[PDB]
Amino acid sequence: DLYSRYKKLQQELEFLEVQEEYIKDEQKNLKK
Amino acid sequence: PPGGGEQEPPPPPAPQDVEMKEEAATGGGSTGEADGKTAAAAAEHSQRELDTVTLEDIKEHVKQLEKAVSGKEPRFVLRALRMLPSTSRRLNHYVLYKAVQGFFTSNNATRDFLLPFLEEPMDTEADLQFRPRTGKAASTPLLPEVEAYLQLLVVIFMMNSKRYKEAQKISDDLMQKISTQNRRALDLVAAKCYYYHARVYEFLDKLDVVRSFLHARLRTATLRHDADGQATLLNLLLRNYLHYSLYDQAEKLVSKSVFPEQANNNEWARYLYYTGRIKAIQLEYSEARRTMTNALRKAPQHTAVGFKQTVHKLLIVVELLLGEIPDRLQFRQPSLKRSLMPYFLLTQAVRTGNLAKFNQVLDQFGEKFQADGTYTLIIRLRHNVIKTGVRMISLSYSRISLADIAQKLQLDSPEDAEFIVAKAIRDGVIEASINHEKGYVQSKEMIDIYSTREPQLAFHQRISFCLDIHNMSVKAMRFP
Amino acid sequence: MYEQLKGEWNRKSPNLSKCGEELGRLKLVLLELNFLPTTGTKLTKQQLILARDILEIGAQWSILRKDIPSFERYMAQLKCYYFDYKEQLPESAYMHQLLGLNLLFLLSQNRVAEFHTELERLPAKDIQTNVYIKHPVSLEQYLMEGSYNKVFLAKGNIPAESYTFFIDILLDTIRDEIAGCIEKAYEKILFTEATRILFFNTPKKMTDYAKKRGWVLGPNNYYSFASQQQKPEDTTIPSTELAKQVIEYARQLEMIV
Amino acid sequence: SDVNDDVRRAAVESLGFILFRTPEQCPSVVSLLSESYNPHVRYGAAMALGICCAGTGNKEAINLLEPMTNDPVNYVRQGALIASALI
Amino acid sequence: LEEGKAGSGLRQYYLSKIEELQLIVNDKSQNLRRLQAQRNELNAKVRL
Amino acid sequence: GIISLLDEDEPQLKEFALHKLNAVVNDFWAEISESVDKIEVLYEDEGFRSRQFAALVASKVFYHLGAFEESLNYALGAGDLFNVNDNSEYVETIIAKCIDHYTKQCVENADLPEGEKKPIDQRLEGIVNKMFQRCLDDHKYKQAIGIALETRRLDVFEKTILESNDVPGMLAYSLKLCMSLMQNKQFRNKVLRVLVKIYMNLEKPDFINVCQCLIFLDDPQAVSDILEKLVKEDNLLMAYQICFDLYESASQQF
Amino acid sequence: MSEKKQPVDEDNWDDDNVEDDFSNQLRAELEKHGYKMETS
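Residue numbers (the deposited numbering), protein chains in the order written: chain A, 39 to 70; chain B, 18 to 497; chain C, 1 to 257; chain D, 608 to 694; chain E, 11 to 58; chain F, 7 to 260; chain G, 1 to 9, 40 to 70.
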């Protein structure tokens, strides 16, 4: 289980980072 | 018994009940927070921690007969807590041992049965799941055992309780650390026993094995993450070595570890005190006093506790070595009454150009100066008294001769007056110049600073600092 | 074992084979046992009685033979041997002189920060008695007051031997600072100002300063060059960093929402 | 960043085509995009939530589409009915 | 030891590595939900 | 007192100094800051027989400071007196950085299969397999298969799946990990085609495993090479099953 | 809130500033301050 979780924590980290960019990206563009 | 025995039934029953309920719902609240949503940064962990330092040290100091705190060990001796029927059976026991000790008496402590009250509650099918429950029930006997102060086969029961706690501490930190992380309480719990581990040795001898173990905990911490463990462990290594009147200043100088990054507004206050002491003794005064100020002005929410007395006592000393001195007795205290008089008598004779009253006060108040904990005033003040005169004159007179300043400074030598000012210009007391032709000593020339690139550079300090105040205060609040 | 306890030390020491003998004597002590645990057991305190003493006479040799890296070696090794946890270690009569030799050495190397932070080990031997520590701390006091005369009037008053290599560096670290203080916007002074700023009636020192530096004696008048600055500032030239500061403001004003 | 509503729909309808294998990510991004200011970003999030999760009782996508079908705008009510039938 | 000489060379490579992958996600959840609510405020302004 | 001993040119003295250095390094931490510079400048002496402990205490100080690459360069250059240590808190972290450094090198070199490869030290792979031999000593090969997938190596993959394996059913477990958690498509056929190596010379050939992999791969003739053998062996009860599984799973143009 | 470090721990209204400035400078202010004219 110690190898199976470690990629899963990467996938949750990578899925988070595209989101938190995009919500910073949208809220920059939402001001117009 | 007619007067004092009638006020024996009221104190146990309700403080037995209401103190038991608060720690139960917190420990039940900590367990559910440990099980789900480990993001417990703004949870009840710190405020329960702020209760145990304050209330349980002022509510009770003795082991509380009629089974009040003494009944906690025969209550918690039969605790297993593994499965859902096993927890419901123990929750049946929690009700029953309170109901028996509330109605009748169960098992009494006679200040000697400390080994049966610590090994059998540690045993009896106890698991390593409920870790703060185990760490709290070992830390709470440590307070009345020290506050009793009887010293009759007690140090060894302090010592074994510490070593068992450290054995439970290492068993947490190495085996099954999956989302528990009790370091937020374990640092202070380590700090509290180490205060007792220092004091008990301080009754008899020095302490060095405590510090070698403290390196070892610092060796086994600090690689994971700095989560205010390393901050307090750095201070506990630092406090004894400054308390030793030998050395270890250079060990703190090379100590490249200044990054605790948060302190719950508790550690960084006293962390900035100790590094102010060391920059003061290493003759770096400007950075010393500005962080001595930053320590004092941080947390004044303290009703005459003593470190506030001690930073204020030192800050006026490092101000006198610089030269300026504001009011200090303006916030008078019933504890300040024995400390406000010698330093005010000190700064009186310093700022004046007198010596015999100064030596008389120095001869009278040296016993306090040793009891405070600074000895370097004997060498660093005689530079101040001789330079207080030349700084005041150079501030006053725009152009004074050497033969006048020699007679004004009761010096009786018109030859070293060039040498004093040459020391004054070199040391940075005042910016002047000596015309070595007949004794012209001039001073500053221009006063325009405004259109000469002064103000913008301070303004760039003001903008960049307050926008950093802004953005940190932005991120610290939108948590939901 | 028990090799050359008191050889050529009580009278003279012109030779140098005693150096390698003491070196091999230091090889024997380290190969006996380590000094690192040091719990009790007066048997191993006996070998620490001798091991401190052979460094003391080794330090007396290094200060007799004019050797700078040696004296700091033996002193720090002795300072490690006073650095003992379980130090019962009965009273050595040379420790007061040994610390006085270290304290004046550290003052000679211009370490005023190291000077004071050393002065924590002595509880009440600074004022009450012990001239061997009282003489450097009175000396530091005289540097802070401003009496260069009281330094050299007290140079001819030594309790133990002469402290010659200490006062030679003490002469050395004063006179260059005096020379560093005078090489300024001054132009010329007569011999009498260098007889007041400096000292003795026509020594080789004015010839020493004439060959090394300037201060060339002409018609009874020295000549010091001006060591001031002449930089013609305009200061609207660093206008790029100002526009850099204006832009990075509005960068930090915007760009994060 | 783009301004035509058609490409803004077709970009946020493409969420289901790229994340159908992991249903634990489609309601994370739709639940905020289905509450935009225009209906078009709200609409294409509703079609993406339907085409991502095929036939699994989710109870969250159901919970998100319930204010989606409760909307004044007619077509964003429509695709919410489409997505509720698809799940 | 079939396990005690194995928990510090090959399992400890995994346990000491997952912790950073856990705590960044635990930290960036706050930073995400910060950006979430801030987006919910401005969207509540524009719609109104 | 060791500092002047490190200054004095004597080989029996310098051995005794570093013998005192590596024993007390738990206590004096930044006191030896200038000396480990003097050890490292005097490390290029190849005719001086104390260089292993010289690279040891140079490694011990920079990890304390935080210089991890210089700790890792001198951990490799130390040698076998480094390699003997397995039971420590110090040794377990720098090998964790070493496996970190080794797999991020192999991830880097997997993008240029046409030469231009970075040089590989033999001592870094000498603790890769030594740790992998400790992985086999665990009697736990899920631990061993994890590094073997991270290191981007194929023969260690084939050796772990067939060694002892109680119970021998890890061929499906590796196939799930390759299918479920994966980002790169480059070596994904390599992991697939090394699975069909162990599937074809398996003691129970051939039907379900290879055909489901070759549906996932793009072999139009290798399926016909084995389906003819399924007919030639007179087996048509499960050949009837494997062809419907080929019809249901695989798409057009296959 | 105690912090586990305690070793040990009216006549005017507010007059420190004048007394830090002037403590003992002949506050009768008549005998030299008014009597310079005999001296000059």
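Backbone N, C-alpha and C define an ideal beta-carbon position, used for all residues, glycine too.
Straight through space, the alpha carbons of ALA250(C) and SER303(B) are spaced by roughly 33 Å. The beta-carbon distance between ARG96(B) and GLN118(B), rounded to whole angstroms, is 15 Å. This is too long to meet the 8 Å contact definition. Judged by DSSP secondary structure, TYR44(A) falls within the alpha helix (DSSP H) whose first and last residues are 42-68. DSSP, reduced to helix, strand and coil, places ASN452(B) within a strand of the structure shown. The alpha-carbon separation between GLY53(B) and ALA243(C) amounts to approximately 52 Å. Counting C-beta pairs with one atom in each stretch, the segment 164-176 of chain F and the segment 33-50 of chain E have fewer than three that are closer than 8 Å, which means they do not touch. By the rule that beta-carbons nearer than 9 Å mark a contact, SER39(E) touches chain A. Only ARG21, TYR24, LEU25, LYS27, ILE28 from the segment 18-30 of chain E bring a Cβ to less than 8 Å from some Cβ of chain A. When Cβ pairs closer than 8 Å are counted between the two stretches, the segment 83-94 of chain F is seen to touch the segment 53-71 of chain F, the count reaching three or more. About 6 Å separates the CB atoms of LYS103(F) and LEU78(F); that is less than 8 Å, so the two are in contact. C-alpha of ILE151(F) to C-alpha of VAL200(F): approximately 14 Å in a straight line. Taking a C-beta distance under 9 Å as the contact criterion, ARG121(C) and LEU99(C) qualify as a contact pair. With contacts defined by Cβ atoms closer than 9 Å, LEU20(E) and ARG140(F) form a contacting pair. For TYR148(C), the enclosing alpha helix (DSSP H) stretches over residues 148-153.
In the DSSP assignment, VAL458(B) falls within the beta strand (DSSP E) that extends over 457-459.
Cβ-Cβ distances below 7 Å link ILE417(B) to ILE410, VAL458 in the same chain, with the five nearest sequence neighbours on each side left out; the list follows chain order. At least one CB atom of chain A sits nearer than 9 Å to the CB of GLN149(F). Counting C-beta pairs closer than 8 Å gives three or more between the segment 394-407 of chain B and the segment 363-380 of chain B, which meets the contact rule. Contact check for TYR94(C) against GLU56(C) passes: the beta carbons are separated by less than 9 Å. Taking the beta carbon of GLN57(A) as reference, the chain D residues within 8 Å of it are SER635, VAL636, listed in sequence order.
Pairing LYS5(G) with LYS209(B) gives a Cβ-Cβ distance that is not under 9 Å. The alpha-carbon of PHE200(C) is positioned some 46 Å away from that of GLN4(C). Your pair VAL63(F) and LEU12(F) does not check out as a contact, with CB atoms roughly 11 Å apart and the cut at 8 Å. By the 16-neighbour rule on beta-carbons within 10 angstroms, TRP215(C) is buried. Neighbours of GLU50(A) in chain E, taken as residues at a C-beta separation under 8 Å, are given in chain order as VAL35. Under the 10 Å beta carbon count, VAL42(F) is surrounded by 16 or more other beta carbons and is classified as buried.
By the rule that beta-carbons nearer than 9 Å mark a contact, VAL8(G) touches chain B. Only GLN18, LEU19, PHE22, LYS26, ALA29, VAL30 from the segment 16-35 of chain F bring a Cβ to less than 9 Å from some Cβ of chain C.
Runs of the alpha helix (DSSP H) lying entirely within the segment 207-257 of chain F and spanning at least 4 residues, in chain order: 213-222, 228-238, 245-255. Spatial neighbours of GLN77(C) in its own chain (CB-CB distance under 6 Å, excluding positions within 5 residues in sequence) are listed in chain order as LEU55.
In the pairwise beta carbon analysis, the segment 34-49 of chain C is classified as touching the segment 79-86 of chain C: at least three pairs are separated by under 8 Å. In this structure, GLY340(B) sits near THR405(B), with a CB-CB distance shorter than 9 Å. Judged by DSSP in its simplified three-state form, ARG21(E) adopts coil rather than helix or strand. Interface with chain A (9 Å Cβ-Cβ cutoff): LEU58(E) is excluded.
Secondary structure at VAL275(B): coil, using DSSP grouped into helix, strand and coil. Residue range 30-52 is occupied by the alpha helix (DSSP H) that includes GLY49(B).
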